[PDB]
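If you read the sequence shown in the numbering used here, its first letter stands for residue 8, the second for the next number, and so on.
Using N, Cα and C, we set each Cβ at its ideal position, and we do this for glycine too.
To start, the structure under review is shown below, and the notes come after it.
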Amino acid sequence: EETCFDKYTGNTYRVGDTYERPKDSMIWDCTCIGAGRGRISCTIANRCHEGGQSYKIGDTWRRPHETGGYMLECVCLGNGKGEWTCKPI
């Protein structure tokens, strides 16, 4: 059967199956390409993470303030860069 194996995760994938693979202190979105011995194709994911947990594009993680004593509220904007915006109260 057409399946690709990623030694990083340890689970095989059928053709057209995408998964998550941690590459160099990062999370990669990988897909399995058929034909041959199951070629593995991996490309970075269009998301924003770091700090403590992962964050999606346009997502929010309104949590306390790192440099303040009040609940901080921040957002994440993609646009192929990885920017964020917060407005504490």
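Start-to-end residues for the beta strand (DSSP E) that takes in residue i
i	result
residue 10	10–12
residue 29	25–29
CB contact flag (residue i, residue j, <9 Å)
i	j	result
residue 80	residue 96	yes
residue 36	residue 20	no
residue 55	residue 76	no
residue 59	residue 12	no
Simplified DSSP assignment, three categories, for residue i
i	result
residue 90	strand
residue 84	strand
residue 35	strand
residue 67	strand
residue 50	strand
So, do the stretch 61–69 and the stretch 77–94 have three or more beta carbon pairs nearer to each other than 8 Å? yes
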